[PDB]
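> Sharing a structure with you now.
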Amino acid sequence: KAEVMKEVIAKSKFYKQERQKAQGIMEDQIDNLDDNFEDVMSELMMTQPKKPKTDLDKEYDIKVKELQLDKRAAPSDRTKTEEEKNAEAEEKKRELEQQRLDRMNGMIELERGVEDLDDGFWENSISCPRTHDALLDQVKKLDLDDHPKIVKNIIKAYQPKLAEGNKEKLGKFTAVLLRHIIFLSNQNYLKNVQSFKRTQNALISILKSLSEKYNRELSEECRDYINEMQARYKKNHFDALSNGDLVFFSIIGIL
Amino acid sequence: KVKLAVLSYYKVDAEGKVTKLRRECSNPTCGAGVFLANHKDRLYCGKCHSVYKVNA
Amino acid sequence: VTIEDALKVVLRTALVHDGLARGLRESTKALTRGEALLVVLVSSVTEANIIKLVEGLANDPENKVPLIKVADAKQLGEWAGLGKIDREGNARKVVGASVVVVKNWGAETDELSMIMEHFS
Amino acid sequence: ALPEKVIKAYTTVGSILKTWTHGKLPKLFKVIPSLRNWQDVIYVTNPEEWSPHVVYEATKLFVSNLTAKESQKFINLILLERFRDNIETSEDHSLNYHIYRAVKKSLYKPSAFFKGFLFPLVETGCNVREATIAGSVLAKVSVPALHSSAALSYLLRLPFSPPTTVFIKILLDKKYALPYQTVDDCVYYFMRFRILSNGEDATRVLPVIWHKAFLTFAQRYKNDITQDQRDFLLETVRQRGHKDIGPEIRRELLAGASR
RNA sequence: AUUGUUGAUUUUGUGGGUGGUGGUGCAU
Ligand SMILES: [Zn+2]
């Protein structure tokens, strides 16, 4: 066996040097051909020769432009059977509930545990408004019932696909939208309770769709409100608290 | 990136006469309209990759 | 049939036979090679040097090529075929073309006779 | 004939190309596309002895530099022939990995590729294995919708052959925004297979690949056909429908809205 | 836009289907 191994290793080395030698001669001629390139190319240029489409080729070119003149159809995918859709929907529901049970029992998604967090804790045209005031200016002249219309348009006018950076703008708009929902609740609405009911829930529905895609921006704003409200409570106590603060906690439960 | 590089190649006088500021490649396949890039020591064709001396 | 309407079909017929040079670079290359049969140029070109260059080349004594005047580059680009078509059928995402030069007519049409007659 | 000094030089180059595997190609080789008589120069470099590595680098060089009309001849005379020869001569009838990349690089110029590789192949007795290998190359690399639609319109009008059906299926699978003229041609191609006066195509036996291609068109372009066309396609299914694929085609066609 | 001069073939942002020159047996 060992003798057979030594022969195999010897043969492999024997071929490797041959390939390397083959590569070595390979570069040598290529260098020679490069050196003799100018001499060769000159004679070719001295001997360069002096200066109808197939009917099939004619047809293909004709097809290309006529297809260009034509309108373009949209593509579609296969329709899943109702049983498949129900099976897929049931599977997604089963996965989501299982994750909820795990999170309930202490599963933390960085998949850590609550015990980990307890280390050292005790020892120590349409404009997209980047700020809440900007949204008010855009909706300043509109009626209360028109707010869902303008808010929805801003989302449509700045979808992610339309241009670069729209994700960030919509992300901030999610934070701005939340402050608007809380802001309206503070304002008096006993005069037009029906109108306020049609706008407040409608804006919440829009916020839910945004939160599905931009929970991170919403999460940052939500935590900021908690700190701001805490700071106001330190000074004014119950006078800081308002109806919107009750609304705000309700929205968090939804989203 | 270069903008309006074609404009730089040609100069138009007040009477509308057009003068070529760069030499054209002699390779027939390149033919006319193929212009040699002017380097310090050589003239280079972008189509044929041929090299010519500046004062040839 | 207006002259502008005549050019619309004429340019499209040139496209079907790959007979148009689109762009300043290809237009200049076509003219200097003697392959240019007709020149379409835009009046609203911001840089007058472009107008001077094509006018001088199109007016060279060796190869006198007819020249046409176009108000807007965008419509010339639409004739050049740069833009694409919608579900509605209207042109969208159209690209402005400052200069278009015809190399091959492709097919003889009455509209080609009219534009030549206008120049004569 | 070329100068006798040149033929020796390019004869030496051909020897290098026979066994070339990596590194830099000879400088004389790289300037062949510029030459007017590159067909003669390429002949002395003995292409059918080019190593698979050379074919790939050659395809990059010539497709980028040559004109559309000339790049066609390179694809048709060299790449296509080498593609066919390798499949025929290989023991397992597979295609070498480097040649497989060469076809992809030729596809960078869609006009030359379709009229130089695809149409000549299907029109010159293409076999099933050749179609499948080429179909995979067409399946993986991106082709423009406009050019792809023109090719699809081309294949649909050709006489029916299982090899041609494969290319028809691949283009449909790509999920292009087919122009409505192309969609009408797709309907007509499948329409001509229904029994009525008609040619043999009505009575010709249909492999599964035809049904799979017909299913794909139903799956993707059901919403882009007229109601009258939908009736004709349904008329085709009842007459020529497959045992298993036919019911699914009927489901997809009925689920679509008329344009 | 982009290729290596070239001309819309690409590049960018957002979505997004795909196991496939896959094997292995079975039934003319
Ligand atoms: Zn040259």
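The residue numbers of chain B are those assigned by Swiss-Prot, with the residues present covering 97-152 sequentially.
Per deposition record, electron microscopy, 3.0 Å.
Cβ coordinates come from backbone N, Cα and C, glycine included.
What Swiss-Prot lists as ubiquitin cross-link is B:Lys107, B:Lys113. Here Swiss-Prot flags B:121-144 as zinc finger. Swiss-Prot lists B:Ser122 with the feature phosphoserine, giving a large-scale study or a structure entry as the kind of evidence.
Explain the structural surroundings of these features, please.
B:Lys107 (ubiquitin cross-link) is surrounded by 15 other CB atoms, counting those within 10 A of its CB over all protein chains shown. B:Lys107 (ubiquitin cross-link) carries a strand DSSP state (E or B).
In sequence order, the list of same-chain residues 6 or more apart from B:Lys113 (ubiquitin cross-link) whose Cβ falls under 8 Å from its Cβ is empty.
Shown for the zinc finger (B:121-144): DSSP residue counts in helix, strand and coil, namely 0 helix, 7 strand, 17 coil.
Cβ neighbours of B:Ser122 (phosphoserine) (same chain, under 8 Å, six or more residues apart in sequence): B:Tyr148.
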> Where does B:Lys113 (ubiquitin cross-link) sit in DSSP terms: helix, strand, or coil?
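The three-state answer is coil.
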